[PDB]
file final38.pdb (PDB, C-alpha atoms and all ligand atoms)
ATOM      1  CA  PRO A   1      64.717  27.675 -28.582  1.00  0.00           C
ATOM      2  CA  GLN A   2      64.255  24.744 -26.207  1.00  0.00           C
ATOM      3  CA  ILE A   3      60.752  24.098 -24.863  1.00  0.00           C
ATOM      4  CA  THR A   4      60.182  21.952 -21.765  1.00  0.00           C
ATOM      5  CA  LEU A   5      57.068  19.828 -21.313  1.00  0.00           C
ATOM      6  CA  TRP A   6      56.122  20.794 -17.773  1.00  0.00           C
ATOM      7  CA  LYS A   7      53.277  22.716 -19.403  1.00  0.00           C
ATOM      8  CA  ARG A   8      51.525  22.409 -22.762  1.00  0.00           C
ATOM      9  CA  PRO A   9      54.092  23.595 -25.301  1.00  0.00           C
ATOM     10  CA  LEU A  10      52.098  26.599 -26.533  1.00  0.00           C
ATOM     11  CA  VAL A  11      53.713  29.124 -28.884  1.00  0.00           C
ATOM     12  CA  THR A  12      52.570  32.105 -30.937  1.00  0.00           C
ATOM     13  CA  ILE A  13      51.838  31.473 -34.604  1.00  0.00           C
ATOM     14  CA  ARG A  14      50.995  33.883 -37.379  1.00  0.00           C
ATOM     15  CA  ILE A  15      48.553  32.991 -40.148  1.00  0.00           C
ATOM     16  CA  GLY A  16      47.107  35.617 -42.495  1.00  0.00           C
ATOM     17  CA  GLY A  17      49.325  38.048 -40.589  1.00  0.00           C
ATOM     18  CA  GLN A  18      47.031  37.206 -37.617  1.00  0.00           C
ATOM     19  CA  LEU A  19      48.498  35.942 -34.322  1.00  0.00           C
ATOM     20  CA  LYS A  20      47.275  32.803 -32.521  1.00  0.00           C
ATOM     21  CA  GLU A  21      48.402  30.515 -29.722  1.00  0.00           C
ATOM     22  CA  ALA A  22      49.071  26.949 -30.862  1.00  0.00           C
ATOM     23  CA  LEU A  23      50.303  23.634 -29.448  1.00  0.00           C
ATOM     24  CA  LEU A  24      53.520  22.043 -30.723  1.00  0.00           C
ATOM     25  CA  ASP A  25      52.283  18.493 -31.188  1.00  0.00           C
ATOM     26  CA  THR A  26      54.631  15.647 -32.147  1.00  0.00           C
ATOM     27  CA  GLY A  27      51.676  13.235 -31.947  1.00  0.00           C
ATOM     28  CA  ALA A  28      49.730  14.965 -34.744  1.00  0.00           C
ATOM     29  CA  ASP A  29      50.512  14.117 -38.392  1.00  0.00           C
ATOM     30  CA  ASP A  30      48.647  17.243 -39.516  1.00  0.00           C
ATOM     31  CA  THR A  31      48.226  20.856 -38.486  1.00  0.00           C
ATOM     32  CA  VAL A  32      44.689  21.577 -37.255  1.00  0.00           C
ATOM     33  CA  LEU A  33      43.449  25.092 -36.512  1.00  0.00           C
ATOM     34  CA  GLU A  34      40.320  26.315 -34.746  1.00  0.00           C
ATOM     35  CA  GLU A  35      37.461  27.470 -36.976  1.00  0.00           C
ATOM     36  CA  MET A  36      38.566  30.448 -39.053  1.00  0.00           C
ATOM     37  CA  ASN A  37      37.229  31.850 -42.300  1.00  0.00           C
ATOM     38  CA  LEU A  38      40.318  31.436 -44.468  1.00  0.00           C
ATOM     39  CA  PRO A  39      40.281  32.492 -48.127  1.00  0.00           C
ATOM     40  CA  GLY A  40      40.690  30.078 -51.017  1.00  0.00           C
ATOM     41  CA  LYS A  41      39.711  26.638 -52.187  1.00  0.00           C
ATOM     42  CA  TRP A  42      39.642  23.774 -49.720  1.00  0.00           C
ATOM     43  CA  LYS A  43      38.851  20.067 -49.694  1.00  0.00           C
ATOM     44  CA  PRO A  44      36.703  18.192 -47.164  1.00  0.00           C
ATOM     45  CA  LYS A  45      38.630  15.771 -44.971  1.00  0.00           C
ATOM     46  CA  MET A  46      38.173  13.621 -41.885  1.00  0.00           C
ATOM     47  CA  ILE A  47      40.818  13.253 -39.216  1.00  0.00           C
ATOM     48  CA  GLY A  48      40.807  10.927 -36.232  1.00  0.00           C
ATOM     49  CA  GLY A  49      42.030  11.550 -32.715  1.00  0.00           C
ATOM     50  CA  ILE A  50      41.155  10.150 -29.332  1.00  0.00           C
ATOM     51  CA  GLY A  51      37.381  10.113 -29.188  1.00  0.00           C
ATOM     52  CA  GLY A  52      36.711   9.710 -32.918  1.00  0.00           C
ATOM     53  CA  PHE A  53      36.813  11.615 -36.197  1.00  0.00           C
ATOM     54  CA  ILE A  54      36.028  15.227 -37.002  1.00  0.00           C
ATOM     55  CA  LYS A  55      35.285  16.944 -40.311  1.00  0.00           C
ATOM     56  CA  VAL A  56      37.843  19.568 -41.384  1.00  0.00           C
ATOM     57  CA  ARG A  57      38.553  21.827 -44.362  1.00  0.00           C
ATOM     58  CA  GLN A  58      41.935  21.211 -46.004  1.00  0.00           C
ATOM     59  CA  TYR A  59      43.708  24.374 -47.204  1.00  0.00           C
ATOM     60  CA  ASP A  60      46.971  23.912 -49.109  1.00  0.00           C
ATOM     61  CA  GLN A  61      50.151  25.991 -49.313  1.00  0.00           C
ATOM     62  CA  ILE A  62      49.187  28.405 -46.537  1.00  0.00           C
ATOM     63  CA  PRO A  63      52.056  30.481 -45.116  1.00  0.00           C
ATOM     64  CA  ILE A  64      52.301  30.223 -41.331  1.00  0.00           C
ATOM     65  CA  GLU A  65      55.022  31.510 -39.031  1.00  0.00           C
ATOM     66  CA  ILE A  66      55.638  29.415 -35.891  1.00  0.00           C
ATOM     67  CA  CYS A  67      57.571  31.093 -33.063  1.00  0.00           C
ATOM     68  CA  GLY A  68      59.310  33.325 -35.639  1.00  0.00           C
ATOM     69  CA  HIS A  69      60.171  30.505 -38.068  1.00  0.00           C
ATOM     70  CA  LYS A  70      58.532  30.635 -41.529  1.00  0.00           C
ATOM     71  CA  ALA A  71      56.618  27.645 -42.845  1.00  0.00           C
ATOM     72  CA  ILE A  72      54.172  26.928 -45.635  1.00  0.00           C
ATOM     73  CA  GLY A  73      52.020  23.871 -46.142  1.00  0.00           C
ATOM     74  CA  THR A  74      48.701  22.207 -45.518  1.00  0.00           C
ATOM     75  CA  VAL A  75      46.461  23.536 -42.757  1.00  0.00           C
ATOM     76  CA  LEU A  76      43.229  21.820 -41.660  1.00  0.00           C
ATOM     77  CA  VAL A  77      40.436  23.968 -40.219  1.00  0.00           C
ATOM     78  CA  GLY A  78      37.692  22.630 -38.009  1.00  0.00           C
ATOM     79  CA  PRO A  79      36.099  22.372 -34.574  1.00  0.00           C
ATOM     80  CA  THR A  80      39.178  21.766 -32.428  1.00  0.00           C
ATOM     81  CA  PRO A  81      39.430  23.325 -28.943  1.00  0.00           C
ATOM     82  CA  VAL A  82      43.139  24.019 -29.509  1.00  0.00           C
ATOM     83  CA  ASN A  83      45.239  25.064 -32.511  1.00  0.00           C
ATOM     84  CA  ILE A  84      47.570  22.123 -33.257  1.00  0.00           C
ATOM     85  CA  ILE A  85      50.927  22.365 -35.033  1.00  0.00           C
ATOM     86  CA  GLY A  86      51.586  18.892 -36.380  1.00  0.00           C
ATOM     87  CA  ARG A  87      54.577  17.160 -37.895  1.00  0.00           C
ATOM     88  CA  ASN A  88      54.016  18.503 -41.425  1.00  0.00           C
ATOM     89  CA  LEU A  89      55.026  21.972 -40.171  1.00  0.00           C
ATOM     90  CA  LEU A  90      57.270  20.972 -37.247  1.00  0.00           C
ATOM     91  CA  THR A  91      59.753  19.401 -39.710  1.00  0.00           C
ATOM     92  CA  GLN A  92      59.817  22.648 -41.721  1.00  0.00           C
ATOM     93  CA  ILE A  93      61.059  24.588 -38.679  1.00  0.00           C
ATOM     94  CA  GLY A  94      63.678  21.939 -37.838  1.00  0.00           C
ATOM     95  CA  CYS A  95      61.974  20.898 -34.609  1.00  0.00           C
ATOM     96  CA  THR A  96      63.302  17.795 -32.803  1.00  0.00           C
ATOM     97  CA  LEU A  97      62.608  15.796 -29.649  1.00  0.00           C
ATOM     98  CA  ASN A  98      65.634  15.395 -27.434  1.00  0.00           C
ATOM     99  CA  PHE A  99      66.353  13.318 -24.351  1.00  0.00           C
TER     100      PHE A  99
ATOM    101  CA  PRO B   1      68.748  10.629 -28.650  1.00  0.00           C
ATOM    102  CA  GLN B   2      67.594  13.402 -30.982  1.00  0.00           C
ATOM    103  CA  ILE B   3      64.437  12.445 -32.894  1.00  0.00           C
ATOM    104  CA  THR B   4      63.303  14.197 -36.077  1.00  0.00           C
ATOM    105  CA  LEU B   5      59.660  14.349 -37.113  1.00  0.00           C
ATOM    106  CA  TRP B   6      59.525  13.257 -40.787  1.00  0.00           C
ATOM    107  CA  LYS B   7      58.086  10.021 -39.410  1.00  0.00           C
ATOM    108  CA  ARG B   8      55.949   9.411 -36.324  1.00  0.00           C
ATOM    109  CA  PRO B   9      58.226   9.428 -33.228  1.00  0.00           C
ATOM    110  CA  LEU B  10      57.539   5.820 -32.255  1.00  0.00           C
ATOM    111  CA  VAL B  11      59.802   4.102 -29.715  1.00  0.00           C
ATOM    112  CA  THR B  12      59.781   0.772 -27.890  1.00  0.00           C
ATOM    113  CA  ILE B  13      58.529   0.771 -24.315  1.00  0.00           C
ATOM    114  CA  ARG B  14      58.689  -1.955 -21.685  1.00  0.00           C
ATOM    115  CA  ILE B  15      55.788  -2.126 -19.242  1.00  0.00           C
ATOM    116  CA  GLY B  16      54.803  -5.011 -16.988  1.00  0.00           C
ATOM    117  CA  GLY B  17      57.672  -6.921 -18.626  1.00  0.00           C
ATOM    118  CA  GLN B  18      56.056  -6.572 -22.071  1.00  0.00           C
ATOM    119  CA  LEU B  19      57.347  -4.712 -25.153  1.00  0.00           C
ATOM    120  CA  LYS B  20      55.129  -2.239 -27.023  1.00  0.00           C
ATOM    121  CA  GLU B  21      55.547   0.538 -29.599  1.00  0.00           C
ATOM    122  CA  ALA B  22      54.412   3.949 -28.356  1.00  0.00           C
ATOM    123  CA  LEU B  23      54.249   7.486 -29.736  1.00  0.00           C
ATOM    124  CA  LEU B  24      56.179  10.333 -28.115  1.00  0.00           C
ATOM    125  CA  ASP B  25      53.433  12.930 -27.997  1.00  0.00           C
ATOM    126  CA  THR B  26      54.060  16.446 -26.747  1.00  0.00           C
ATOM    127  CA  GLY B  27      50.427  17.370 -27.490  1.00  0.00           C
ATOM    128  CA  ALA B  28      49.125  14.823 -24.963  1.00  0.00           C
ATOM    129  CA  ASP B  29      48.950  15.760 -21.253  1.00  0.00           C
ATOM    130  CA  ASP B  30      48.455  12.124 -20.278  1.00  0.00           C
ATOM    131  CA  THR B  31      49.873   8.730 -21.226  1.00  0.00           C
ATOM    132  CA  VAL B  32      47.258   6.474 -22.868  1.00  0.00           C
ATOM    133  CA  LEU B  33      47.818   2.818 -23.747  1.00  0.00           C
ATOM    134  CA  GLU B  34      45.753   0.396 -25.790  1.00  0.00           C
ATOM    135  CA  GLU B  35      43.718  -2.241 -23.972  1.00  0.00           C
ATOM    136  CA  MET B  36      45.948  -4.336 -21.721  1.00  0.00           C
ATOM    137  CA  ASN B  37      46.208  -5.837 -18.248  1.00  0.00           C
ATOM    138  CA  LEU B  38      48.165  -3.976 -15.582  1.00  0.00           C
ATOM    139  CA  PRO B  39      48.392  -5.019 -11.934  1.00  0.00           C
ATOM    140  CA  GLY B  40      46.973  -3.124  -8.970  1.00  0.00           C
ATOM    141  CA  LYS B  41      43.917  -0.965  -8.412  1.00  0.00           C
ATOM    142  CA  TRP B  42      42.603   1.293 -11.169  1.00  0.00           C
ATOM    143  CA  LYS B  43      39.892   3.944 -11.199  1.00  0.00           C
ATOM    144  CA  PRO B  44      37.486   4.930 -13.962  1.00  0.00           C
ATOM    145  CA  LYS B  45      38.377   8.208 -15.686  1.00  0.00           C
ATOM    146  CA  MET B  46      37.366  10.141 -18.791  1.00  0.00           C
ATOM    147  CA  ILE B  47      39.758  12.030 -21.091  1.00  0.00           C
ATOM    148  CA  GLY B  48      39.154  14.195 -24.131  1.00  0.00           C
ATOM    149  CA  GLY B  49      40.817  14.598 -27.488  1.00  0.00           C
ATOM    150  CA  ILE B  50      40.011  15.938 -30.934  1.00  0.00           C
ATOM    151  CA  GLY B  51      37.181  13.486 -31.638  1.00  0.00           C
ATOM    152  CA  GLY B  52      35.617  13.801 -28.165  1.00  0.00           C
ATOM    153  CA  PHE B  53      35.806  11.906 -24.875  1.00  0.00           C
ATOM    154  CA  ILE B  54      36.629   8.306 -24.012  1.00  0.00           C
ATOM    155  CA  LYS B  55      36.441   6.145 -20.880  1.00  0.00           C
ATOM    156  CA  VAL B  56      39.801   4.989 -19.531  1.00  0.00           C
ATOM    157  CA  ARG B  57      41.184   3.044 -16.566  1.00  0.00           C
ATOM    158  CA  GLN B  58      43.707   5.059 -14.517  1.00  0.00           C
ATOM    159  CA  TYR B  59      46.646   3.149 -13.034  1.00  0.00           C
ATOM    160  CA  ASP B  60      48.909   5.211 -10.792  1.00  0.00           C
ATOM    161  CA  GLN B  61      52.614   4.714 -10.074  1.00  0.00           C
ATOM    162  CA  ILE B  62      53.343   2.382 -12.987  1.00  0.00           C
ATOM    163  CA  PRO B  63      56.946   1.734 -14.013  1.00  0.00           C
ATOM    164  CA  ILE B  64      57.563   2.131 -17.767  1.00  0.00           C
ATOM    165  CA  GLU B  65      60.946   2.163 -19.509  1.00  0.00           C
ATOM    166  CA  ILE B  66      60.738   4.453 -22.545  1.00  0.00           C
ATOM    167  CA  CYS B  67      63.527   4.006 -25.064  1.00  0.00           C
ATOM    168  CA  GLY B  68      65.866   2.938 -22.235  1.00  0.00           C
ATOM    169  CA  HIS B  69      64.772   5.673 -19.790  1.00  0.00           C
ATOM    170  CA  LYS B  70      62.894   4.839 -16.596  1.00  0.00           C
ATOM    171  CA  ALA B  71      59.630   6.504 -15.657  1.00  0.00           C
ATOM    172  CA  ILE B  72      57.166   5.665 -12.904  1.00  0.00           C
ATOM    173  CA  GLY B  73      53.787   7.364 -13.194  1.00  0.00           C
ATOM    174  CA  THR B  74      50.145   7.504 -14.206  1.00  0.00           C
ATOM    175  CA  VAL B  75      49.104   5.359 -17.137  1.00  0.00           C
ATOM    176  CA  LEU B  76      45.648   5.427 -18.703  1.00  0.00           C
ATOM    177  CA  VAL B  77      44.326   2.344 -20.470  1.00  0.00           C
ATOM    178  CA  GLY B  78      41.471   2.488 -22.957  1.00  0.00           C
ATOM    179  CA  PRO B  79      40.398   2.648 -26.623  1.00  0.00           C
ATOM    180  CA  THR B  80      43.237   4.392 -28.464  1.00  0.00           C
ATOM    181  CA  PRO B  81      44.520   3.750 -32.005  1.00  0.00           C
ATOM    182  CA  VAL B  82      48.086   4.136 -30.796  1.00  0.00           C
ATOM    183  CA  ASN B  83      50.012   3.868 -27.540  1.00  0.00           C
ATOM    184  CA  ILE B  84      50.715   7.453 -26.463  1.00  0.00           C
ATOM    185  CA  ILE B  85      53.452   8.692 -24.163  1.00  0.00           C
ATOM    186  CA  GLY B  86      52.273  12.071 -22.888  1.00  0.00           C
ATOM    187  CA  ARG B  87      53.900  14.930 -21.025  1.00  0.00           C
ATOM    188  CA  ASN B  88      53.504  13.308 -17.606  1.00  0.00           C
ATOM    189  CA  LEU B  89      56.133  10.733 -18.602  1.00  0.00           C
ATOM    190  CA  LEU B  90      58.008  12.771 -21.222  1.00  0.00           C
ATOM    191  CA  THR B  91      59.040  15.145 -18.435  1.00  0.00           C
ATOM    192  CA  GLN B  92      60.271  12.224 -16.323  1.00  0.00           C
ATOM    193  CA  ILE B  93      62.631  11.086 -19.101  1.00  0.00           C
ATOM    194  CA  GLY B  94      63.956  14.630 -19.633  1.00  0.00           C
ATOM    195  CA  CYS B  95      62.344  15.144 -23.033  1.00  0.00           C
ATOM    196  CA  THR B  96      62.331  18.612 -24.646  1.00  0.00           C
ATOM    197  CA  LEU B  97      61.375  20.178 -27.965  1.00  0.00           C
ATOM    198  CA  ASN B  98      64.116  22.021 -29.817  1.00  0.00           C
ATOM    199  CA  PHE B  99      64.358  24.136 -32.980  1.00  0.00           C
TER     200      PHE B  99
HETATM  201  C1  LIG C 101      45.171  16.064 -34.661  1.00  0.00           C
HETATM  202  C2  LIG C 101      45.730  14.741 -35.123  1.00  0.00           C
HETATM  203  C3  LIG C 101      46.059  14.549 -36.551  1.00  0.00           C
HETATM  204  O1  LIG C 101      45.854  15.572 -37.355  1.00  0.00           O
HETATM  205  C4  LIG C 101      46.573  13.344 -37.022  1.00  0.00           C
HETATM  206  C5  LIG C 101      46.800  12.281 -36.158  1.00  0.00           C
HETATM  207  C6  LIG C 101      46.500  12.398 -34.803  1.00  0.00           C
HETATM  208  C7  LIG C 101      45.979  13.573 -34.258  1.00  0.00           C
HETATM  209  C8  LIG C 101      45.694  13.638 -32.793  1.00  0.00           C
HETATM  210  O2  LIG C 101      44.625  14.071 -32.406  1.00  0.00           O
HETATM  211  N1  LIG C 101      46.671  13.203 -32.003  1.00  0.00           N
HETATM  212  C9  LIG C 101      46.640  13.325 -30.563  1.00  0.00           C
HETATM  213  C10 LIG C 101      47.185  12.020 -29.990  1.00  0.00           C
HETATM  214  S1  LIG C 101      45.949  10.762 -30.117  1.00  0.00           S
HETATM  215  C11 LIG C 101      46.118   9.912 -31.569  1.00  0.00           C
HETATM  216  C12 LIG C 101      44.957   9.433 -32.162  1.00  0.00           C
HETATM  217  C13 LIG C 101      45.031   8.739 -33.359  1.00  0.00           C
HETATM  218  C14 LIG C 101      46.265   8.506 -33.952  1.00  0.00           C
HETATM  219  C15 LIG C 101      47.424   8.982 -33.354  1.00  0.00           C
HETATM  220  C16 LIG C 101      47.358   9.690 -32.160  1.00  0.00           C
HETATM  221  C17 LIG C 101      47.386  14.600 -30.193  1.00  0.00           C
HETATM  222  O3  LIG C 101      48.780  14.462 -30.366  1.00  0.00           O
HETATM  223  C18 LIG C 101      47.218  14.983 -28.734  1.00  0.00           C
HETATM  224  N2  LIG C 101      45.958  15.689 -28.590  1.00  0.00           N
HETATM  225  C19 LIG C 101      46.328  17.083 -28.834  1.00  0.00           C
HETATM  226  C20 LIG C 101      45.068  17.925 -28.744  1.00  0.00           C
HETATM  227  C21 LIG C 101      44.147  17.548 -29.887  1.00  0.00           C
HETATM  228  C22 LIG C 101      43.013  18.563 -29.758  1.00  0.00           C
HETATM  229  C23 LIG C 101      42.222  18.384 -28.470  1.00  0.00           C
HETATM  230  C24 LIG C 101      43.114  18.642 -27.264  1.00  0.00           C
HETATM  231  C25 LIG C 101      44.399  17.830 -27.381  1.00  0.00           C
HETATM  232  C26 LIG C 101      44.138  16.363 -27.087  1.00  0.00           C
HETATM  233  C27 LIG C 101      45.439  15.571 -27.234  1.00  0.00           C
HETATM  234  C28 LIG C 101      45.063  14.172 -26.882  1.00  0.00           C
HETATM  235  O4  LIG C 101      44.458  13.483 -27.693  1.00  0.00           O
HETATM  236  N3  LIG C 101      45.420  13.852 -25.639  1.00  0.00           N
HETATM  237  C29 LIG C 101      45.119  12.621 -24.944  1.00  0.00           C
HETATM  238  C30 LIG C 101      45.576  12.767 -23.488  1.00  0.00           C
HETATM  239  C31 LIG C 101      43.610  12.365 -24.967  1.00  0.00           C
HETATM  240  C32 LIG C 101      45.916  11.524 -25.651  1.00  0.00           C
END

call {"tool": "encode", "arguments": {"input": "final38.pdb", "output": "structure tokens"}}
result
Amino acid sequence: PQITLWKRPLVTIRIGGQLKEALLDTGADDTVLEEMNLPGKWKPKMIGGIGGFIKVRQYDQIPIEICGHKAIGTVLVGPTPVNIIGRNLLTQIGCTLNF
Amino acid sequence: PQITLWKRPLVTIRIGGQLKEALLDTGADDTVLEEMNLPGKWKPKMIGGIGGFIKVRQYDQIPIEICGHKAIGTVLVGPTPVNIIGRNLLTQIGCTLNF
């Protein structure tokens, strides 16, 4: 599909077969999800945005479907107010910016 | 153009007759530029991101040419690691997400 930017580009994602609303974010290098108790090993990480750094848990090779398109890769979990789909997964679904 | 996301979507902007690199950021509502002088009145504002809130200066009605496309709108100036072109100006240049 084509998504305009009049509003926040929010789409449904599926992770663990669970559905969430998430922001398609070309300005994020990484995918960052709201606190969730995901199974498996993880590694501590820090990521910086506007305002400073937050601590996140890095989970690798996690399947996640974005607007019906399958993806698998690294997902960071931490205290974000919004689920963020970053470039690592946006490339996997063939997402582009066009003007 | 069509821009893929294997690298950060950085483009050259021209603002106040000066060239800068800025990030095309669909996850940002607002446009936020690194410390710089812009003419005209500004007002103090606060904006929030992943790491928390920052203080910015809000300049309204500011011409910016983004990768050859003209916008005139609100530009926030403050402590950011990267120049960010947000949805307020991405919409003006006809930018969409596509997959
Ligand atoms: C989440 C993330 C990563 O995993 C890796 C790199 C950057 C980011 C990141 O937070 N990037 C942001 C741009 S600000 C930015 C800061 C530093 C470097 C590059 C960009 C997001 O694209 C936009 N970001 C998306 C989103 C992040 C969660 C909080 C709510 C919004 C806040 C919004 C944002 O910050 N908007 C402003 C108007 C304040 C600019």

call {"tool": "calpha_fit_and_write", "arguments": {"input": "final38.pdb", "fixed": "chain A", "moving": "chain B", "output": "CSV table (one decimal) with C-alpha atoms, in the frame of the given file"}}
result
chain,number,residue,atom,x,y,z
B,1,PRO,CA,64.6,27.6,-28.6
B,2,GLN,CA,64.6,24.6,-26.3
B,3,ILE,CA,61.1,24.0,-24.9
B,4,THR,CA,60.5,21.9,-21.8
B,5,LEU,CA,57.3,20.0,-21.2
B,6,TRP,CA,56.2,20.9,-17.6
B,7,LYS,CA,53.6,23.1,-19.3
B,8,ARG,CA,51.8,22.7,-22.6
B,9,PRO,CA,54.2,23.8,-25.4
B,10,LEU,CA,52.1,26.7,-26.6
B,11,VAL,CA,53.6,29.3,-29.0
B,12,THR,CA,52.3,32.3,-30.9
B,13,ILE,CA,51.7,31.8,-34.6
B,14,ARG,CA,50.9,34.3,-37.3
B,15,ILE,CA,48.6,33.2,-40.1
B,16,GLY,CA,46.7,35.3,-42.6
B,17,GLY,CA,48.2,38.3,-40.7
B,18,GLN,CA,46.5,37.2,-37.5
B,19,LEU,CA,48.0,36.1,-34.2
B,20,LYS,CA,47.0,32.8,-32.5
B,21,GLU,CA,48.3,30.5,-29.8
B,22,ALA,CA,49.0,27.0,-31.0
B,23,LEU,CA,50.3,23.8,-29.5
B,24,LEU,CA,53.5,22.1,-30.7
B,25,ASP,CA,52.3,18.6,-31.0
B,26,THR,CA,54.6,15.8,-32.0
B,27,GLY,CA,51.7,13.3,-31.7
B,28,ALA,CA,49.7,15.0,-34.5
B,29,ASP,CA,50.5,14.1,-38.1
B,30,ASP,CA,48.5,17.1,-39.3
B,31,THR,CA,48.1,20.8,-38.4
B,32,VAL,CA,44.6,21.6,-37.2
B,33,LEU,CA,43.3,25.0,-36.4
B,34,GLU,CA,40.1,26.2,-34.7
B,35,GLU,CA,37.3,27.7,-36.9
B,36,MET,CA,38.6,30.6,-38.9
B,37,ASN,CA,38.6,32.1,-42.4
B,38,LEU,CA,41.5,31.4,-44.8
B,39,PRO,CA,41.7,32.4,-48.4
B,40,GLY,CA,41.7,30.2,-51.4
B,41,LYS,CA,40.1,26.8,-52.2
B,42,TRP,CA,39.6,24.2,-49.6
B,43,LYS,CA,38.4,20.6,-49.7
B,44,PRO,CA,36.4,18.6,-47.2
B,45,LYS,CA,38.5,16.0,-45.3
B,46,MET,CA,38.0,13.8,-42.2
B,47,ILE,CA,40.7,13.2,-39.6
B,48,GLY,CA,40.8,11.0,-36.5
B,49,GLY,CA,42.0,11.3,-33.0
B,50,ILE,CA,41.5,9.7,-29.6
B,51,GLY,CA,37.8,10.6,-29.4
B,52,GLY,CA,37.0,9.6,-33.0
B,53,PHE,CA,36.7,11.4,-36.3
B,54,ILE,CA,35.9,15.0,-37.2
B,55,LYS,CA,35.1,16.9,-40.4
B,56,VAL,CA,37.7,19.5,-41.4
B,57,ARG,CA,38.5,21.9,-44.3
B,58,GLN,CA,41.9,21.3,-45.9
B,59,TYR,CA,43.8,24.4,-47.1
B,60,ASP,CA,47.0,23.6,-49.0
B,61,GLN,CA,50.1,25.8,-49.3
B,62,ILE,CA,49.3,28.1,-46.4
B,63,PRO,CA,52.1,30.3,-45.0
B,64,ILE,CA,52.3,30.2,-41.2
B,65,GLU,CA,55.1,31.7,-39.0
B,66,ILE,CA,55.5,29.5,-35.9
B,67,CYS,CA,57.5,31.2,-33.1
B,68,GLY,CA,59.4,33.2,-35.7
B,69,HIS,CA,60.0,30.3,-38.1
B,70,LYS,CA,58.4,30.3,-41.6
B,71,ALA,CA,56.4,27.3,-42.8
B,72,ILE,CA,54.2,27.0,-45.9
B,73,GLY,CA,52.0,23.9,-45.9
B,74,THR,CA,48.7,22.1,-45.4
B,75,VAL,CA,46.4,23.5,-42.7
B,76,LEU,CA,43.2,21.8,-41.5
B,77,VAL,CA,40.4,23.9,-40.1
B,78,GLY,CA,37.6,22.4,-38.0
B,79,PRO,CA,36.3,21.7,-34.4
B,80,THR,CA,39.4,21.5,-32.2
B,81,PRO,CA,39.7,22.6,-28.6
B,82,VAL,CA,43.2,23.9,-29.3
B,83,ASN,CA,45.2,25.1,-32.3
B,84,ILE,CA,47.6,22.2,-33.1
B,85,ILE,CA,50.9,22.4,-35.0
B,86,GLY,CA,51.5,18.9,-36.3
B,87,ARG,CA,54.5,17.1,-37.8
B,88,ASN,CA,53.9,18.4,-41.3
B,89,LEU,CA,54.9,21.9,-40.1
B,90,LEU,CA,57.1,20.9,-37.2
B,91,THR,CA,59.5,19.3,-39.7
B,92,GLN,CA,59.5,22.5,-41.8
B,93,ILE,CA,60.7,24.6,-38.8
B,94,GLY,CA,63.4,22.0,-38.0
B,95,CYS,CA,61.8,20.8,-34.8
B,96,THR,CA,63.1,17.7,-33.0
B,97,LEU,CA,62.6,15.8,-29.8
B,98,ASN,CA,65.6,15.4,-27.5
B,99,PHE,CA,66.4,13.6,-24.3

call {"tool": "closest_atom_pairs", "arguments": {"input": "final38.pdb", "of": "chain A", "to": "ligand LIG 101 (chain C)", "cutoff": "9 Å", "atoms": "only C-alpha atoms and all ligand atoms", "output": "Markdown table"}}
result
| residue | atom | partner | partner_atom | distance |
| --- | --- | --- | --- | --- |
| A:23 | CA | C:LIG101 | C19 | 7.7 |
| A:24 | CA | C:LIG101 | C19 | 8.9 |
| A:25 | CA | C:LIG101 | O3 | 5.4 |
| A:26 | CA | C:LIG101 | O3 | 6.2 |
| A:27 | CA | C:LIG101 | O3 | 3.5 |
| A:28 | CA | C:LIG101 | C2 | 4.0 |
| A:29 | CA | C:LIG101 | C4 | 4.2 |
| A:30 | CA | C:LIG101 | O1 | 3.9 |
| A:31 | CA | C:LIG101 | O1 | 5.9 |
| A:32 | CA | C:LIG101 | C1 | 6.1 |
| A:47 | CA | C:LIG101 | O1 | 5.8 |
| A:48 | CA | C:LIG101 | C13 | 5.6 |
| A:49 | CA | C:LIG101 | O2 | 3.6 |
| A:50 | CA | C:LIG101 | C12 | 4.8 |
| A:51 | CA | C:LIG101 | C31 | 7.9 |
| A:52 | CA | C:LIG101 | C12 | 8.3 |
| A:76 | CA | C:LIG101 | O1 | 8.0 |
| A:80 | CA | C:LIG101 | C22 | 5.7 |
| A:81 | CA | C:LIG101 | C23 | 5.7 |
| A:82 | CA | C:LIG101 | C22 | 5.5 |
| A:83 | CA | C:LIG101 | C22 | 7.4 |
| A:84 | CA | C:LIG101 | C21 | 6.6 |
| A:85 | CA | C:LIG101 | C1 | 8.5 |
| A:86 | CA | C:LIG101 | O1 | 6.7 |
| A:87 | CA | C:LIG101 | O1 | 8.9 |

call {"tool": "residues_around", "arguments": {"input": "final38.pdb", "residues": "residue 40 in chain A", "least_positions_apart": "2", "cutoff": "8 Å", "atoms": "only C-alpha atoms", "output": "mmCIF file with C-alpha atoms, in the coordinates of the input"}}
result
data_model
loop_
_atom_site.group_PDB
_atom_site.id
_atom_site.type_symbol
_atom_site.label_atom_id
_atom_site.label_comp_id
_atom_site.auth_asym_id
_atom_site.auth_seq_id
_atom_site.Cartn_x
_atom_site.Cartn_y
_atom_site.Cartn_z
ATOM 1 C CA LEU A 38 40.318 31.436 -44.468
ATOM 2 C CA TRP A 42 39.642 23.774 -49.720
ATOM 3 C CA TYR A 59 43.708 24.374 -47.204
#

call {"tool": "residues_near_point", "arguments": {"input": "final38.pdb", "point": "(55.2, 30.9, -36.4)", "cutoff": "8 Å", "atoms": "only C-alpha atoms", "output": "ChimeraX atom specification"}}
result
/A:11-15,64-71

call {"tool": "residues_around", "arguments": {"input": "final38.pdb", "residues": "residue 57 in chain A", "least_positions_apart": "3", "cutoff": "8 Å", "atoms": "all atoms listed in the file", "output": "VMD selection string"}}
result
chain A and resid 42 to 45 76 to 78

call {"tool": "resolve_selection", "arguments": {"input": "final38.pdb", "expression": "the PyMOL selection byres (((chain B and resi 74) around 9) and not hetatm)", "output": "ChimeraX atom specification"}}
result
/B:30-31,58-63,72-73,75-76,88-89

call {"tool": "atom_distance", "arguments": {"input": "final38.pdb", "atom1": "CA of residue 8 in chain B", "atom2": "CA of residue 98 in chain A"}}
result
14.4 Å
